[PDB]
Every structure is written in C-alpha cells, then in structure tokens.
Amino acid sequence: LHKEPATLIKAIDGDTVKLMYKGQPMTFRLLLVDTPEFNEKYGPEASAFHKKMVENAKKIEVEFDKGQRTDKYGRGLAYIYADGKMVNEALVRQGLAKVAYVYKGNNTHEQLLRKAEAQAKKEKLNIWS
C-alpha cells in the first residue's frame, strides 16, 4: 500500500472528511471503523477528535487498500494520515471508534486496528468506559 497526497477541504464527522484528491473534492469514508453519529454518545467527541487531527496536520495523505476505492454512495474508502499518523487508528486507540465494516480484500490494517481497540478497551476509554 502507498500513501498519496491530498489537502483538507473540511472536517465532516467522526469517520468522514472532505479532501481534495488528484485535484478533485471528494468525501472520504474511513476504512475499517465506525464512529458514533454526531447526535449519539461520543459522536461530538469523535468529530472533534478527527477535526483537530486533520485541521492541525501539515501533510494529509490518502492510502487506498487493495479493493474498492469508492463505496455505493460515491465516498472514497481509504486510510487517512495526518502528519504520518493514521486517523482511523487514532480514533480506535482512543475509544472514539469501533473496528467495523471489515470487508475481505479491503482489510490490510485490520489487525493493527484491532490491537488499538484492545488497548482502548483495557483502558476503558470513552466508548468502552
């Protein structure tokens, strides 16, 4: 897998973000995670977390997996990095997302993320509190 450039257009919520990729605006859905919706518990906190990570980043990068790159809604499916740190993983690690939506063939970082979830759960963080 390969990291590719992109620039923030705007934060949306816990697990979606508007980025410019190859010069075109796209909504990205984070692979392998599920954040609460803004109106649900920890929804606002997920959104804020993602927002901060991406707004403070100097270098946003997009990493596609081996499978489908767009979902049925036209959202790009990727791992997103903010100054080299994966937002997908950081959400999980903080108990602000659950590992979810693990489809065969777009699941390269599954075990990395499940390790983060296990630590978040041990620490009883946020969702796991």
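For every residue, the number given is its place in the sequence shown, counted from 1.
Inset, instruction - Select between 94-102 and 41-49 the stretch whose C-alpha atoms have the higher average B-factor in the entry. - result: Mean B over CA atoms: larger for 41-49.
Inset, instruction - Could you settle it for me: does 117-125 or 10-18 have the higher average Cα B factor in the PDB entry? - result: Averaging CA B-factors over each stretch, the winner is 117-125.
Legend entry - Out of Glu89, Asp71, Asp34, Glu55, highest CA B-factor residue: Answer, based on the entry's C-alpha B-factors: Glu55.
Inset, instruction - State the tercile, meaning the lowest, middle or highest third, of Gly84 with respect to the CA B-factors recorded for its chain. - result: It falls in the top third of the chain.
Legend entry - Position of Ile60 among the chain's modelled residues by C-alpha B-factor, lowest, middle or highest third: Ranked within chain, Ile60 CA B lands in the middle tercile.
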